[PDB]
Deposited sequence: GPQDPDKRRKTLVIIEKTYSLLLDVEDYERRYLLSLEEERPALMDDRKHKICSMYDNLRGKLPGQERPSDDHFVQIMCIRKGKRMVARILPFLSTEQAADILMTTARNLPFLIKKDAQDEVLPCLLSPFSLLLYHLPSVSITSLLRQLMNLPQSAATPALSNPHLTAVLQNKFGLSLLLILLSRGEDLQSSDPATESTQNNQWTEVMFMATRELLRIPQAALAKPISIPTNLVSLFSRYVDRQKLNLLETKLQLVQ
């Protein structure tokens, strides 16, 4: 696979050129006729999808093509800039895959430590996603069994997430977002138990330091636990 990355770099540079052109739409737009406004946005869409396809690499695309790109320094940063341009559906897919292959991506991020850059774009995307997507993302992130049978023990996938800066951060905002849909009018009752329990297990030192901390966490946790376990979640998470 020494040639596998040589192909990846080519894709990155090919996509980076598209990016700078897409980021230039704002300018080439202010000096164009009225007739061009609809047509120029259409051309912008096609390029955004061109970048999107360069990620998934599209029968249905190998889930590995996008993973390898998420192993290169300049590759992970490029994705962070492509996310804001992608549509809700496209971005929801990129996020899903990231969580599905997170432990590996984290292992490869150990040296560089540049994953945190993806936290900002993803946090904004969640508010376009309904309750279904939120819970669905939580199941994959924590890697719950397909059989939906509540595990009594921990798993390598979920654990690697809590001991990570980005991983733990992404988990909190997903719950935080899940808190929004909840109060405004349950599938969370089965996903929350797993989140709270695992957080109420992994030792203080093992758990990593979140980049940020959602304010509405104390309220969300108090919905599923008692005052004694709640005070523990507040201690470890620095709530």
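- Not built in the structure, per the record, are deposited positions 1-3, 62-65, 193-200, 255-256.
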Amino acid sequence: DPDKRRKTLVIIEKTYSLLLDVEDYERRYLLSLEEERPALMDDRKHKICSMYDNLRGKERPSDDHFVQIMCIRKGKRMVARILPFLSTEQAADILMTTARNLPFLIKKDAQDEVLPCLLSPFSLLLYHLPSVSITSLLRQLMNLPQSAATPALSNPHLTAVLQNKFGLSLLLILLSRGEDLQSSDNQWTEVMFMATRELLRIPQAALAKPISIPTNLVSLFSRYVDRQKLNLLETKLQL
From here on, numbers count along this sequence of modelled residues.
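- The mean Cα B-factor in the deposited entry runs higher for 155-163 than for the other of 126-134 and 155-163.
- The mean C-alpha temperature factor is higher for 107-115 when 81-89 and 107-115 are set side by side.
- Between the residues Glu26, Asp53, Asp63, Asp42, it is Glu26 that shows the highest Cα B-factor in the PDB record.
- The PDB entry assigns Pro203 a C-alpha temperature factor belonging to the lowest third of its chain's modelled residues.
- Placement of the Cα temperature factor of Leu239 within the chain: middle third of the modelled residues, per the deposited record.
- Placement of the Cα temperature factor of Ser169 within the chain: lowest third of the modelled residues, per the deposited record.
- Ranked within its chain, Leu95 lands in the lowest third, by CA B factor from the PDB record.
- The deposited CA B-factor of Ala148 belongs to the middle third of values across its chain.
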